[PDB]
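In: could you work out the structure for the sequence below:
(2 chains, ligands or ions: 1)
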Amino acid sequence: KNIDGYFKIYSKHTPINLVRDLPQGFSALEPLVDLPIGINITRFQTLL
Amino acid sequence: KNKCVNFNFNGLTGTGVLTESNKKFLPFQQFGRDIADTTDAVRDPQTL
Ligand SMILES: *[C@@H]1O[C@H](CO)[C@@H](O)[C@H](O)[C@H]1NC(C)=O
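Out: Numbering: from 1, shown residues only, chains lettered A, B, ... in the order given. Now the structure:
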């Protein structure tokens, strides 16, 4: 999320045993970085 | 430690008795708060 041009990243890695979808359960995402880029971002894309 | 002192951490000024804590701060976490929005535990800017 980009709040006032600061790129905050919250990340979390958990194991699962499934191939279908997002599992039922609860887990929180610890903050990772702040990138003070100041960029208006409106579209994105992932890279495989 | 164990003495009532005027402590100043990164501008987080106050007065209290700094003791050894058994809280488990996450690596990013810097300081704690009390229900009254007052600091209860801090991370020393020099010694983590
Ligand atoms: C400087 O701060 C770092 C932060 O962890 C600490 O490891 C180091 O011992 C400090 N050195 C001096 C000379 O204050």
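
In: if the spatially most central residue of chain B is in a bridge, with which residues?
Out: Nearest residue to the geometric centre of chain B (CA atoms, centre = their mean): residue B:42, 2.3 Å. On the basis of DSSP bridges, residue B:42 is bridged to residue B:31.

In: contacts for stretch A:20-35, please.
Out: With contact meaning CB atoms under 8 Å, 6 or more residues apart in numbering or on different chains, stretch A:20-35 is reached by A:6, A:7, A:8, A:9, A:10, A:11, A:12, A:14, A:16, B:26, B:28. Every residue, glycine included, has its C-beta placed from N, CA and C.

In: ugh, typo on my part, it should be stretch B:27-36
Out: Against stretch B:27-36 from outside (CB under 8 Å, 6+ apart): A:30, A:31, B:9, B:12, B:23, B:25, B:39, B:40, B:41, B:42, B:43.

In: got a ChimeraX select line for the buried ones in these?
Out: Of the contacts of stretch B:27-36, the buried ones go into a single ChimeraX selection, burial set by 16 or more other CB atoms under 10 Å in any protein chain shown:
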select /B:9,41,42,43
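
In: save the contacts of stretch B:27-36 as a markdown table, and put in secondary structure and distance to residue A:24 too.
Out: Shown next, in a markdown table, are the contacts of stretch B:27-36 (DSSP: H, G, I helix; E, B strand; the rest coil; distance: CB to CB, whole Å):
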| residue | secondary structure | distance to residue A:24 |
| --- | --- | --- |
| A:30 | strand | 21 |
| A:31 | strand | 25 |
| B:9 | strand | 42 |
| B:12 | strand | 41 |
| B:23 | coil | 31 |
| B:25 | coil | 30 |
| B:39 | coil | 37 |
| B:40 | coil | 35 |
| B:41 | coil | 34 |
| B:42 | strand | 38 |
| B:43 | coil | 35 |
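
In: got a list of what residue A:41 touches?
Out: residue A:2.

In: perfect, I'm done here.
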